[PDB]
Amino acid sequence: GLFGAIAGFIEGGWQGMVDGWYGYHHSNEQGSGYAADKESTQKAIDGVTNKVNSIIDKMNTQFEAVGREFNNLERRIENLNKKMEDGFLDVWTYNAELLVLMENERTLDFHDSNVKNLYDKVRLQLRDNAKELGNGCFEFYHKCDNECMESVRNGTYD
Amino acid sequence: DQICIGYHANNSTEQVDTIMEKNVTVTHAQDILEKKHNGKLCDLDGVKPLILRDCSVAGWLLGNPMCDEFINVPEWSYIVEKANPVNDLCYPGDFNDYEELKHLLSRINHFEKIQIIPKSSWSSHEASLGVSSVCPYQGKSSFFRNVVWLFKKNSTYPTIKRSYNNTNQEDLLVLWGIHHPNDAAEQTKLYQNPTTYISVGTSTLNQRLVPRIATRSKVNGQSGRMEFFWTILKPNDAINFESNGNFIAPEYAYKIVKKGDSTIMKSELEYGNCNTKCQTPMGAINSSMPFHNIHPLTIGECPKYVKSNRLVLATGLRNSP
Amino acid sequence: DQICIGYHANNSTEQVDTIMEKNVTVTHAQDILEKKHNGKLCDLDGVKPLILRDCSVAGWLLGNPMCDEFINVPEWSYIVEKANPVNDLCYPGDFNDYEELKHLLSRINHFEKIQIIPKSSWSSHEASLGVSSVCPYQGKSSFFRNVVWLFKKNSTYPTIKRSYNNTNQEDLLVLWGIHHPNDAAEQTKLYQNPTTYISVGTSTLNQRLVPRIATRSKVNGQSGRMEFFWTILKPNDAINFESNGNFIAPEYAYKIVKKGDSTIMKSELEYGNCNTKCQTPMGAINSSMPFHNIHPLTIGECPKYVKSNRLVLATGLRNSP
Amino acid sequence: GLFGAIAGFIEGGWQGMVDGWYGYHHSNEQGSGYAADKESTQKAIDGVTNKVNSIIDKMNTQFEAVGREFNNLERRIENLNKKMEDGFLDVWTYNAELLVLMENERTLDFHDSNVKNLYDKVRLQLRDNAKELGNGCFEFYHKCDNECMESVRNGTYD
Amino acid sequence: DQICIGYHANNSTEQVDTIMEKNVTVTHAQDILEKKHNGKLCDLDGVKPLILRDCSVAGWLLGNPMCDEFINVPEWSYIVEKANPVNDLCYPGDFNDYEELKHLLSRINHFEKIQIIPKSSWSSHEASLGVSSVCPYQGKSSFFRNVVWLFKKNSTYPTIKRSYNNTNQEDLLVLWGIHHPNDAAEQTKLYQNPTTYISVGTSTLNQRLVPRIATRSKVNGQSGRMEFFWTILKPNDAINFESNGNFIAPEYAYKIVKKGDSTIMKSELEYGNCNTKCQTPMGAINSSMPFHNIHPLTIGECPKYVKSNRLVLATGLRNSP
Amino acid sequence: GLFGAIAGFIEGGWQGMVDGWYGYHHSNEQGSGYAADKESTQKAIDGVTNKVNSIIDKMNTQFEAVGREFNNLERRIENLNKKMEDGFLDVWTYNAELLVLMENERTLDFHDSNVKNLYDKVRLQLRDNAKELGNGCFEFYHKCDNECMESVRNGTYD
């Protein structure tokens, strides 16, 4: 991952977070659990959905083969016709396969980026008040209670 | 007390390819390539195709006696023809500009057959005798049904001066023929006159056909050859025939009432009693995918054909093991 | 005391598209698609096109009496022809290999017309009588100006043996014709001889034309047809004519002095008294953009044609609201 | 933005910075204002200019349609000619539209990256001596005066 | 005490291009475009090409007396022909459907020449006299070696009725010709009969050729023309000839024993006594690169042709100065 | 560089590190030297190798020109044949040249990303215990000895 978060400094994903693509795990005296970050998740859903649609429609004006026949003494133009129809099909197959390859790489990176930015949003707030463990987690210096946990996710802390 | 950032994993086994890495397992993916078809030939948008079966386009238009199934065909969506139809050109020969005609058929959905020259109208020539063992119908010698093979009457073949004008508001496909005998005695026997011609003319066409007498291989038991020609007679134009022998004359012609969207597909498949919005020569497609890999030649509301075995987009993220 | 990092915003309303997001407002953008034209037909790089107006290429080369505007045309940049020119082939017929000739014209910028066979040189045949009401000039019966319709003189049409050798250093376009009468009596009236031929030969061409007598629809009041042929006579080659009737003979031919970069465009537009470096059949382009969406067929220093309605590159950054 | 700076942790741009694409806002007892970072701005101008030129010239060898005519009995090759000319035009339209789409996404990301790197350049110097507010700004611990402000932009501080 | 992160630099001077930056120096790169060839014509995968040299395909198939080098040629990989071979069609004329034949040759690797009609079999016509100063062999008048120019014998040219049936299991290429004299007296001198024809027929072909007597430019000292025709005679089909003059008759035909992968390339180069897996008309390629820029037309295991001067991928990182 | 490490905050590469693409320089009382990070180097080797192979094979189904001849009166279809063969060659030249251009940009960025992530891996461990100099280096607060240096590269420190 270009951004270093997914399968990087965060070793793996969470089976326990069914709620969305990115979110938080909290743990304290009151207990522990997962909460998805709906905003960045939705920003991700829109981006990916538009991408698919863009991919689909840019390919909607493509080459259509048209049945065309030739007699025994029109071999040259028949062959011309064969090499032309095949030429375009090859061009478009290539276009389709390459776009998918390139855009798959961009989609994986996009998710990686969203995770890193979410990490940074939480880091920029916690500041001194938490030890950054180097695994996606922040161990608090001071006790943090469920409302204190809302606060971080909320974006309003301290 | 800890707060952690993380991301979704699941039990997904779906894989995507990238330039740097193949078979990356992702939490979610969208397959965009349709690989399934139903293997049948179907109606297109409710409208049955013209499935020629054992007949060829030539066998159908000329009226090969074995192609009675297609004497009068309804409106069609597409046409299906076998690679090598048995019922074509029963009396051997050539069909002039056949492929250009076939091309013109791809822009036609309906024909209406009309009589342009009645069989019962030939006065100085015999009309009921132009039959051949090459073109059987029910065990007996017969002939192309839309044209008339005319012979001499009472040892005479007077010069034919005939004329048809297209009253109809539609373009008219007109077919006619010429007989190339194998020898001078056959020319005598059939037409009396030794040297013959056929002249055909409209406002665009300027034609004179001269019969070629030559010895050749027997095809279907015939050493003679028939050579067929066609033209499109515009509205309010007339077609003039003049001949003194070897004339295969039009009895019927086809009015064109053309949808204009069609194709002749090559297939060995039979009718499948189904309906579809997208047809290929291998089978029909019912899919919401943008691409398919079934066959290049399709008709209807169809996905884009690609030559890929696999097209899968990542939507989710890299799934953890 | 604070120091902040930041970025430029402005009052820009310019928008760009991306794969993930449409209509992103950016501080700066560069439009790269030209959408405007001037709607006129213009001189190309100073050089006026040949605007045929109501004449067709055939009407111009053969010398249709109504196409006198083009008796001698200057060097041209491109040629413009209407979809359906009225002034073509005034005496009805066909123009043999017409499209191959038109193709050859696309690689020519100048013709010089030279007399190869003088009208005043026919001794045993009449030359001033080959005129027709189909080809009027100023109310009177006339004929194609570059060819000569020869008749019998004093009840005789001796065999024509003629010959021209290309002295010029340039390739020469030579046109000739044949008359197909409607009946045997017309053949008698015009040429005396019942069965005719025309033989044409150079070092590459081996030709014999036989007239086709047939009854056909009146086009412009004529049931006869004219059929026109052409060839390119190389330098120091000779063209041999031999005929005993039905011969439409060359009076004039065209020396080719060809720039080699040109096209025949189809347009209903008239001359626009303008100059341009890039011309389309819809109008001229004066742009510094790399792409345009005006029309596929252009000539000159031209942007690349694309079928887009919009091509805008981001240069600046995402503008804040 | 993949890099999290533009319309991310820096909420919006500055109407007041007319001088260049990226720069600084300073505020102290002596006053306040904007100063563009000419170096990264110029690095950005060159990159974007070359990109456009590259885009323009890679498309300079394209398909040119050539008028071509056929008689009433050459429908097959006329249609061949029609489907061929249209095929290439479609191929090139697609190429043009896709390049622009992909490269627009890269240009927006490029700017985002330049902003983040400029942020990081300033962060790496200030170190302990400033509270990182989490909005693009650094509140100083100690008084900083206009010459002290030059110092940060200068790249030579402490 | 310090620990630093860093990256590799080296003495590399290799450069790559990007969209935003040209000539970026990288520590490592992989060039993927082959720019070198050996400039020779070579054997392909061990198998020598047929290098016609000064002969044309027509000169070779018909048996131009100067093309004896190719009387019987072995299996070939590709064929090489000059732009303008001197030894073609020594007696001037045309070769009917020549380009369609050349196309068919591109799918053939071996011919075997068999005698279909012996020179020693003509009883009522002279066979040893059909020779010409246009087609010299060793200073003496000669003629195409695979066909026979037949004349009248004892002031008579009886009608020829001939027939060949293809016993062989292979398709057979059969060539024949017609002579177009320059005058009626030559027609008399050569064949006696004033008006002639040649009729050729198989199960597919229906042909009648009529000689064209006309005066034309001398090419190689001849005003006559020869016109050559060909057909592919299927297995167990027969070819029927009937003529009363002007007949250039087949002595030899070619059995087709065709690999099916070949091309006719145009080149002025001679044989280079080399072996290769990839041949272009400019020279051979021995490369492990995926692309090359030598020439569009190649044969064998070949890289993809591109029109680039340079294709270099970055593998390493940006090298520091 | 989009990621700010290569020829960014790390001014230049090391002639003295012949061992791999990315690694470490250490300096203490016992001495000084280079050690390549084999894991990220190998991850980089695989990525780049697959890329090349992917580039090579997506272009393996391309247009092949086929010699085709025409007489003096078939100029239109000859020209058709000329403009068709050239059309595809232009399409594929463009595809080849563009892929290389785009993928060269991605390869340089990929390396930049690997360097930054390696920097971050070391930063996340050292934490308070080292002054981050802002040039790719960490000056230790406490003495670090060769085994202490292994420890950082090892990923197990403190």
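Chains here go by letter, A, B, C, D, E and F, matching the order in which they are written, and residues are numbered from 1 within each.
We adopt the following convention: a residue touches a chain if its C-beta (ideal position, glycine included) is under 8 Å from a C-beta of that chain, and two chains touch if they have at least 3 such contacts.
*Asks:* Any chance you could check whether C-F or A-B wins on number of contacting C-beta pairs?
*Replies:* Comparing C-F with A-B, the pair joined by more C-beta contacts is A-B.
*Asks:* Turning chain A onto chain F with a C-alpha fit: angle in degrees, nearest 5?
*Replies:* 120
*Asks:* Matching B-D on over half of contact pairs, by residue number: which of E-F, A-C or C-F?
*Replies:* More than half of the contact pairs of B-D reappear in C-F.
*Asks:* What is the distance in Å between the mean C-alpha positions of chain A and chain E?
*Replies:* 58
*Asks:* Centroid from C-alpha atoms only, then distance chain B to chain E, rounded to Å. What do you get?
*Replies:* Roughly 36 Å separates the two chain centres.
*Asks:* Would you kindly tell me how far, in whole Å, the mean C-alpha position of chain D lies from that of chain A?
*Replies:* 21
*Asks:* Multi-chain contacts only, two chains or more: what residues does chain F have there?
*Replies:* 3, 48, 54-55, 59, 61-62, 66, 68-70, 74, 76-77, 79-80, 84, 90-93, 97, 101-103, 110
*Asks:* Where does chain B touch two or more other chains at once, residue-wise?
*Replies:* Residues 19-20, 99, 103, 307.
*Asks:* Can you tell me which positions in chain D touch chain E when the two form their complex?
*Replies:* The touching residues are 47-48, 50-51, 54-55, 61, 103, 106, 110.
*Asks:* Touching residues of chain E toward chain F in the complex: what are they?
*Replies:* 1-11, 16-20, 24, 26-27, 30, 32, 98-99, 102-103, 106, 263-266, 290-291, 296-298, 304-308, 311-321
*Asks:* Can you check the complex and tell me which residues of chain F touch chain C?
*Replies:* 72-76, 79
*Asks:* Give the list of chain E residues in touch with chain C in this complex.
*Replies:* Contacts found on chain E: 92-94, 180, 212-217, 219, 225, 227.
*Asks:* Name, in rising order, each residue of chain E that touches chain D in their complex.
*Replies:* 19-22, 307
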